[PDB]
Asks: 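One structure, as structure tokens, below. Some questions next.
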Amino acid sequence: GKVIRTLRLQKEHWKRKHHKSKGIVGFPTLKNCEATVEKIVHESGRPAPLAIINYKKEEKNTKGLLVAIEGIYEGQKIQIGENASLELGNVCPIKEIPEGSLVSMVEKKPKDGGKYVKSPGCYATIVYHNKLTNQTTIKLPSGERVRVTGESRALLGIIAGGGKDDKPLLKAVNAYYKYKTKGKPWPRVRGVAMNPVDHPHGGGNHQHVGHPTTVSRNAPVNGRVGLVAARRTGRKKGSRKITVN
Amino acid sequence: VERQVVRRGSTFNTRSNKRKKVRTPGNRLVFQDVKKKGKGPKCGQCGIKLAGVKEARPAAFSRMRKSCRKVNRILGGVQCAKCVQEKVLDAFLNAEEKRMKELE
Amino acid sequence: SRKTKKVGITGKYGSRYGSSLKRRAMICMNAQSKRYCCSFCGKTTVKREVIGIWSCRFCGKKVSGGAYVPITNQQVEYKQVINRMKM
Amino acid sequence: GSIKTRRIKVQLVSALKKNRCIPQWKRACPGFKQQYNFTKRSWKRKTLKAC
Amino acid sequence: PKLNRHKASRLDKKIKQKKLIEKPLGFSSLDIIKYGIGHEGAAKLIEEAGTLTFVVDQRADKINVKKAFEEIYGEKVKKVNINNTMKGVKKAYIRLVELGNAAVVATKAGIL
RNA sequence: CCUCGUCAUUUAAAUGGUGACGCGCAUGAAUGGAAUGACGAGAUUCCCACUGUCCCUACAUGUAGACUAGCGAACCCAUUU
RNA sequence: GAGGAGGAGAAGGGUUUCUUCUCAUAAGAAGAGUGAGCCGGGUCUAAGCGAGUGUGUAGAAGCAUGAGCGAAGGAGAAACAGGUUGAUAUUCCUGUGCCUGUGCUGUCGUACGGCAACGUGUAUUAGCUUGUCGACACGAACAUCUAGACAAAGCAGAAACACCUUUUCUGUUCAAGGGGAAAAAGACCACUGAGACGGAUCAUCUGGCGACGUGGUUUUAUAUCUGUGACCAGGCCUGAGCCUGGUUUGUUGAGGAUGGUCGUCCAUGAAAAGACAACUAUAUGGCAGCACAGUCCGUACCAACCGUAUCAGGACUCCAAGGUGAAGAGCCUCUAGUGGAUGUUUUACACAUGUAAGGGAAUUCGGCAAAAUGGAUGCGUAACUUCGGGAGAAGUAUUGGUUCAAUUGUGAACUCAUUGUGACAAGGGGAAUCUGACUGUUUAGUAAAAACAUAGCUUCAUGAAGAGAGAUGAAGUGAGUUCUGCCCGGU
RNA sequence: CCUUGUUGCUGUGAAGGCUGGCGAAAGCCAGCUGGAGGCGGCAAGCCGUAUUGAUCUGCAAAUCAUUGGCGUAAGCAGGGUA
Ligand SMILES: [K+]
Ligand SMILES: [K+]
Ligand SMILES: [K+]
Ligand SMILES: [K+]
Ligand SMILES: [K+]
Ligand SMILES: [K+]
Ligand SMILES: [K+]
Ligand SMILES: [K+]
Ligand SMILES: [K+]
Ligand SMILES: [K+]
Ligand SMILES: [K+]
Ligand SMILES: [K+]
Ligand SMILES: [K+]
Ligand SMILES: [K+]
Ligand SMILES: [K+]
Ligand SMILES: [K+]
Ligand SMILES: [K+]
Ligand SMILES: [K+]
Ligand SMILES: [K+]
Ligand SMILES: [K+]
Ligand SMILES: [K+]
Ligand SMILES: [K+]
Ligand SMILES: [K+]
Ligand SMILES: [K+]
Ligand SMILES: [K+]
Ligand SMILES: [K+]
Ligand SMILES: [K+]
Ligand SMILES: [K+]
Ligand SMILES: [K+]
Ligand SMILES: [K+]
Ligand SMILES: [K+]
Ligand SMILES: [K+]
Ligand SMILES: [K+]
Ligand SMILES: [K+]
Ligand SMILES: [K+]
Ligand SMILES: [K+]
Ligand SMILES: [K+]
Ligand SMILES: [K+]
Ligand SMILES: [K+]
Ligand SMILES: [K+]
Ligand SMILES: [K+]
Ligand SMILES: [K+]
Ligand SMILES: [K+]
Ligand SMILES: [K+]
Ligand SMILES: [Mg+2]
Ligand SMILES: [Mg+2]
Ligand SMILES: [Mg+2]
Ligand SMILES: [Mg+2]
Ligand SMILES: [Mg+2]
Ligand SMILES: [Mg+2]
Ligand SMILES: [Mg+2]
Ligand SMILES: [Mg+2]
Ligand SMILES: [Mg+2]
Ligand SMILES: [Mg+2]
Ligand SMILES: [Mg+2]
Ligand SMILES: [Mg+2]
Ligand SMILES: [Mg+2]
Ligand SMILES: [Mg+2]
Ligand SMILES: [Mg+2]
Ligand SMILES: [Mg+2]
Ligand SMILES: [Mg+2]
Ligand SMILES: [Mg+2]
Ligand SMILES: [Mg+2]
Ligand SMILES: [Mg+2]
Ligand SMILES: [Mg+2]
Ligand SMILES: [Mg+2]
Ligand SMILES: [Mg+2]
Ligand SMILES: [Mg+2]
Ligand SMILES: [Mg+2]
Ligand SMILES: [Mg+2]
Ligand SMILES: [Mg+2]
Ligand SMILES: [Mg+2]
Ligand SMILES: [Mg+2]
Ligand SMILES: [Mg+2]
Ligand SMILES: [Mg+2]
Ligand SMILES: [Zn+2]
Ligand SMILES: [Zn+2]
């Protein structure tokens with residue numbers, strides 16, 4: 001047969017375009033700074049708003065981008081790095097923040113610029129500090145617990161734009177605007193409605209799959225469709241998670 | 001009623017192709033071209049349009065007298081009277097706190 | 001105002017889309033269109049520019065917020081925790 | 001149409017000078033055996049491909 | 001950089017070298033002018049508007065034509081207009097600083 | 001499948017339609033099952049209005065067609081029919 | 001019949017355009033014709049392409065970086081009237097101008113005013129830095145201006161006259177550049193000190209972070225004047241020149257322009273070249289006259305384009321009068337443009353159409369085709385339903401001309417030989433069942449659907465990112481309501 | 001994907017607002033204002049249901065007539081680019 005939809009959309013001419021982008025998002029590199037928030041802006045592909053910051057490096061003014069936490073305003077002064085106060089919207093070394101606190105834009109290793117929590121409405125929880133090893137345990141929004149060194153930086157607050165998934169998209173055109181900038185195929189034609197030249201689920205005198213939909217992790221790429229390496233299937237209840245800090 | 005032709009350029013009704021109808025001394029009704037409108041300066045702090053300055057397109061603005069492009073104050077065009085009053089006060093009041101923190 | 005018994009702001013849609021879905025949309029649609037109170041000047045002149053960004057029509061201040069309301073439930077609580085940390 | 005490039009114009013100018021019959025004096029010359037100029041064209045029957 | 005140059009107005013491109021011997025007089029007044037045109041079309045222009053019409057070499061430009069006329073014929077020039085015709089000929093029209101002199105120059109030169 | 005299943009209603013008359021019944025050759029639950037609203041150039045049955053669809057055809061108009069001037073082809077063809 | 005069979009541009013064509021001659025004619029031959037500092041190209045940058053260099057390959061492809069390139073409809077210094085040819089004209093000629101630079105001669109300059117909002121003064125180069133202009137979605141209502149269209153009066157010329165008529169028609173012009181209001185809509189400054197209350201919009205709204213009031217400051221059109229006279233109409237003569245007019249008011253009004261408001265979005269709606277202000281230094285700088293300069297390429301014509309053609313097909317745009325009517329609908333007219341295979345009254349069978357006694361689907365697989373209904377105003381409106389709808393449900397009545405009242409609600413009278421949305425335009429309606437929720441999409445050329453899509457629902461995999469779990473990908477079912485039992489033996 | 005062009009006439013009357021009445025309250029009933037919608041009837045346009053009409057040595061190697069579907073928008077279109 002021919003090449004399936006899933007492979008074609010991974011070729012280079014289909015990658016997302018950057019022409020409307022504001023810049024690369026991430027923290028400054030300097031040990032200490034005082035910054036001012038210049039503007040709060042929407043960026044074409046992203047639902048969380050961005051804040052433009054201004055800080056001096058040598059004598060010269062320089063500009064950066066952060067993801068906005070909820071409760072900043074244009075004109076606010078913010079303090080970055082060691083010796084910053086625990087005030088909403090400051091950036092601090094993680095070892096300085098008390099247990100049970102909520103944080104965003106956490107660095108996985110020092111000076112990486114911030115990864116981890118970046119989507120609207122999300123946060124992470126500080127669950128443990130180890131005074132020997134200088135590690136800290138953070139609980140991520142998937143439920144995963146990960147350990148990071150005390151020298152990493154983090155932003156104090158919750159990411160702006162929460163609640164967005166409460167309102168249903170009642171019409172086809174509303175879905176159109178949401179997926180127009182994403183990589184997923186919309187509208188999505190079902191594999192059982194294709195001919196066998198186009199998809200492993202195609203063909204036959206009734207619309208059916210005909211073979212089990214759970215497939216191996218090591219299966220060849222042009223036929224790896226369906227539920228890939230599923231441990232279980234169906235709507236029944238699972239089992240207890242195992243937890244360590 | 002007499003009807004018009006496009007004398008020059010394209011028929012395609014873009015922003016650069018505005019026209020108006022005019023009556024000539026020879027008693028003809030003809031199309032004649034129109035230049036675009038101009039926006040003048042807005043304040044750098046608040047977005048308000050500055051008083052005392054003209055609105056024109058960049059080339060035409062540069063050919064006017066300097067008096068059309070400024071007011072005679074600390075920031076010429078640039079900022080409005082309220083924003084300069086705030087700036088003058090702020091710089092004064094900050095220096096006095098530093099004076100006190102130096103003396104005490 | 002209020003010429004309808006149940007349907008409220010969703011009357012624009014006629015008999016299309018499901019009943020249950022419309023009454024979820026309604027909560028958000030009523031919240032989006034209201035004016036709210038400014039923290040800086042006290043007036044009730046704050047409205048939404050775009051998702052996450054709220055703005056005052058008198059004094060011009062812009063502030064980060066939720067998608068359909070200026071302050072979300074998580075924020076109203078967490079703001080208090082910070083005030084205690086400062087003690 | 002009215003807008004042309006320099007390269008297109010020279011092609012038209014050359015295509016217009018070549019489009020002529022055999023001059024009437026040549027037919028009288030002892031050694032000359034042509035009847036009609038087979039390179040003559042009509043705008044109704046052929047394209048130049050000047051584009 | 002190499003490009004097909006299909007939209008260009010000048011068909012030459014290359015910069016020219018020096019040579020061990022150089023051609024005697026160069027592009028010069030007597031290469032520039034070919035002949036003046038005298039017919040019922042041209043006659044009106046001499047009689048009404050004080051302008052002569054001439055055929056000129058393909059390599060010529062407005063500045064060169066102005067000089068060449070003042071060298072060969074001697075009257076002073078106000079304006080030069082140029083026209084590439086469908087017959088492959090470049091025509092120049094020259095208006096003189098004083099009218100009336102157009103009929104003097106035309107008759108001496110045997111154009112008219 | 002047997003099958004134009006049996007009983008009721010619609011017609012003068014029902015291999016049709018609707019309502020009931022059910023050991024259902026071989027119905028059935030996201031290979032999705034069941035009951036409605038609004039909307040289909042979607043499939044099907046009936047009633048009112050309306051009529052050359054029909055009983056059963058008649059007359060009239062325009063344009064071609066027949067005959068005439070100018071212009072002027074093709075398919076096909078073992079051919080004695 | 002002004003959403004033209006009218007007048008023009010682009011893409012495409014390439015002399016098809018103008019004059020003369022000849023039939024050879026959608027045919028030839030011989031000549032002639034396209035003039036720019038101000039119109040467009042040559043400039044800037046979009047999405048993107050890429051020489052060389054590095055890495056790779058037997059040579060290539062590919063991948064990293066990147067000089068140069070990339071829009072005749074995006075950004076982009078400066079021109080308009082009137083004349084003239086057989087054929088060109090914001091390009092030629094006359095008149096009045098403007099932009100960017102250069103040089104001569106005169107003539108002045110090295111600062112002030114207002115409590116303030118800000119003003120007076122045509123002002124040099126250069127540089128940091130901070131900001132502005134270039135520089136921007138859709139939809140709705142309301143103002144103001146300009147084209148356009150009407151109606152009265154005046155004059156000049158036309159049409160019509162068996163009768164009647166101050167009936168009817170055509171005209172009444174003012175460019176770029178220069179000078180310039182009142183008005184309307186917003187900002188702001190000084191005094192003043194307001195509420196269970198005042199102000200204000202068609203609508204929202206607005207005030208001690210300063211209301212109403214009284215005086216000012218500033219931004220944004222247009223009318224009007226000048227543009228030194230051109231141009232038009234008419235009369236008298238004429239192989240040419242003279243003479244007379246071009247005057248007043250009201251109503252309406254964009255399918256063009258502009259202004260400040262309001263709404264929508266899990267959608268927030270380009271860059272760069274080139275400019276300008278403030279701050280800091282530095283100063284022979286401003287204005288008037290006169291003079292000089294501004295290269296190169298395109299410029300005719302199309303009813304002539306693509307379909308083997310002089311082909312009922314296809315093909316990007318601009319301007320647009322009067323009546324009827326809600327209406328650039330249909331029907332009728334003004335401006336401007338238009339047409340040929342010949343004669344014969346011409347049977348039958350056709351193809352486009354009209355009408356029909358009595359009966360009314362008996363016709364046929366099947367009411368297929370046709371008929372019937374039709375606009376506006378009022379009365380009156382069921383089951384069911386997600387409470388929005390169903391709904392124009394169904395069912396009924398009215399409608400012309402004239403002469404009055406009354407002022408938007410409409411009433412009343414008189415009149416006609418079949419009656420009045422008179423032509424043109426203009427829904428048939430109800431009761432049920434199967435099926436897909438809805439608008440949307442599809443087999444260019446035998447299938448438009450119950451098929452595909454869709455919102456919603458459920459499952460799966462991952463902490464890797466220029467992306468970071470309200471995330472990113474893979475499958476299945478098909479809106480909403482109500483349910484979704486049992487089986488891990490085989491694969 | 002980048003830069004552009006193209007909405008005329010009418011019906012229904014959501015959210016928000018103002019008056020008057022009723023109520024001890026909460027909030028109910030009238031009339032007016034406002035103008036939402038992949039909402040209705042049409043125009044320019046885009047399409048292709050029926051007559052199994054005309055044509056089938058065609059006007060045409062897919063056209064024509066009447067009749068239909070949508071037409072304030074998951075609508076239609078030129079150029080540049082992949
Ligand atoms: K997508
Ligand atoms: K299929
Ligand atoms: K299958
Ligand atoms: K299935
Ligand atoms: K099976
Ligand atoms: K000023
Ligand atoms: K061309
Ligand atoms: K041709
Ligand atoms: K039976
Ligand atoms: K029966
Ligand atoms: K079964
Ligand atoms: K089954
Ligand atoms: K099941
Ligand atoms: K249908
Ligand atoms: K007949
Ligand atoms: K005949
Ligand atoms: K007519
Ligand atoms: K633009
Ligand atoms: K001149
Ligand atoms: K009159
Ligand atoms: K228009
Ligand atoms: K021309
Ligand atoms: K009309
Ligand atoms: K009317
Ligand atoms: K019209
Ligand atoms: K009309
Ligand atoms: K029947
Ligand atoms: K039958
Ligand atoms: K049939
Ligand atoms: K109920
Ligand atoms: K019904
Ligand atoms: K009626
Ligand atoms: K009719
Ligand atoms: K459907
Ligand atoms: K529709
Ligand atoms: K269909
Ligand atoms: K499944
Ligand atoms: K789905
Ligand atoms: K269900
Ligand atoms: K099993
Ligand atoms: K198993
Ligand atoms: K409406
Ligand atoms: K047929
Ligand atoms: K014909
Ligand atoms: Mg296969
Ligand atoms: Mg199925
Ligand atoms: Mg030229
Ligand atoms: Mg039957
Ligand atoms: Mg049954
Ligand atoms: Mg089944
Ligand atoms: Mg018309
Ligand atoms: Mg027409
Ligand atoms: Mg000719
Ligand atoms: Mg120009
Ligand atoms: Mg370029
Ligand atoms: Mg342009
Ligand atoms: Mg011409
Ligand atoms: Mg001008
Ligand atoms: Mg021309
Ligand atoms: Mg009958
Ligand atoms: Mg009868
Ligand atoms: Mg029978
Ligand atoms: Mg029918
Ligand atoms: Mg049923
Ligand atoms: Mg549909
Ligand atoms: Mg087909
Ligand atoms: Mg079909
Ligand atoms: Mg389906
Ligand atoms: Mg469901
Ligand atoms: Mg339930
Ligand atoms: Mg509109
Ligand atoms: Mg609609
Ligand atoms: Mg039509
Ligand atoms: Mg189609
Ligand atoms: Mg059929
Ligand atoms: Zn300001
Ligand atoms: Zn405020």
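Naming convention: chains lettered A, B, ... in sequence-line order (proteins, then strands); numbering from 1 in each chain.
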Asks: So which of C:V81, C:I71, C:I82, C:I53 has the biggest tally of heavy-atom pairs under 4.5 Å with chain A?
Replies: C:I53
Asks: So, do A:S101 and C:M85 sit near enough that their side-chain heavy atoms are less than 4.5 Å apart?
Replies: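 Yes; the side chains approach each other to less than 4.5 Å.
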Asks: For a 4.5 angstrom cut-off between non-hydrogen side-chain atoms, does A:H42 reach C:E49?
Replies: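 No, too far: nothing below the 4.5 Å cut-off.
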Asks: Of all heavy-atom pairs between A:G163 and C:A67, which one has the smallest distance, and what is that distance?
Replies: C-CB, 4.3 Å
Asks: Quick check: are there more than 12 heavy atoms from other residues, nucleotides or ligands sitting under 6.0 Å from CD of A:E43?
Replies: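 Yes, CD of A:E43 has more than 12 neighbouring heavy atoms, counting only those of other groups under 6.0 Å.
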Asks: Check whether more than 12 heavy atoms from other residues, nucleotides or ligands sit under 6.0 Å from atom CD of A:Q76, and answer yes or no.
Replies: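 More than 12 within 6.0 Å, yes.
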Asks: Considering only heavy atoms and a distance below 4.5 Å, find which of A:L102, A:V37, A:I158 pairs most often with chain C.
Replies: A:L102
Asks: What do you reckon, is NZ of C:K47 surrounded by more than 12 foreign heavy atoms closer than 6.0 Å?
Replies: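 Above 12, so yes.
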Asks: Verify the neighbour count for atom CZ of C:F40: are there more than 12 heavy atoms of other residues, nucleotides or ligands below 6.0 Å?
Replies: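 Yes, because the 6.0 Å sphere around CZ of C:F40 holds more than 12 heavy atoms from other groups.
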Asks: Do you know which two heavy atoms are closest between C:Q32 and A:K167, and how far apart they sit?
Replies: OE1-NZ, 2.7 Å
Asks: I'd like to know whether CG of C:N73 has more than 12 heavy-atom contacts from other residues, nucleotides or ligands below 6.0 angstrom.
Replies: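 Result for CG/C:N73: open.
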Asks: Please look at A:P98 and chain C and tell me whether the side chain, the backbone, both or neither of the residue comes under 4.5 angstrom of a heavy atom of that chain.
Replies: side chain
Asks: Suppose we call two aromatic rings close when their centres sit under 6.0 Å apart. Are C:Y78 and A:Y123 close by that rule?
Replies: no
Asks: Heavy-atom cut-off 4.5 Å, strictly under: side chain, backbone, both or neither for A:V41 against chain C?
Replies: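 It is the backbone, since no side chain atom gets that close.
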Asks: What option among C:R24, C:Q75, C:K86 has the most heavy-atom pairs under 4.5 Å with chain A?
Replies: C:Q75
Asks: Answer with side chain, backbone, both or neither: which region of C:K79 has an atom nearer than 4.5 Å to a non-hydrogen atom of chain A?
Replies: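 Neither part.
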Asks: A:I69 versus C:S64: any side-chain heavy-atom pair under 4.5 Å?
Replies: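 No; the side chains remain at least 4.5 Å from each other.
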Asks: Is it true that atom NZ of A:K31 has more than 12 heavy atoms of other residues, nucleotides or ligands lying nearer than 6.0 Å?
Replies: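 Open.
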Asks: Nearest 0.5 Å, please: how far is NZ in A:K164 from OH in C:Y68?
Replies: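 The NZ atom of A:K164 is 8.5 Å from OH of C:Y68, to the nearest 0.5 Å.
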Asks: Hey, mind stepping through A:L170 and C:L21 against side chain to side chain contact (heavy atoms under 4.5 Å, CB included) and telling me if it holds?
Replies: CA-CA 8 Å; A:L170 309 161; C:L21 290 190; 3.8 Å; yes
Asks: Measure distances from C:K62 to the heavy atoms of chain A and classify the residue's part below 4.5 Å as side chain, backbone, both or neither.
Replies: both
Asks: Heavy-atom pairs under 4.5 Å with chain A - which of C:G66, C:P70, C:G60 has more of them than the others?
Replies: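 Looking at each of C:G66, C:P70, C:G60 in turn, C:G66 comes out on top.
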Asks: Look at atom CZ of A:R147 and say whether more than 12 heavy atoms of other residues, nucleotides or ligands are closer to it than 6.0 Å.
Replies: no
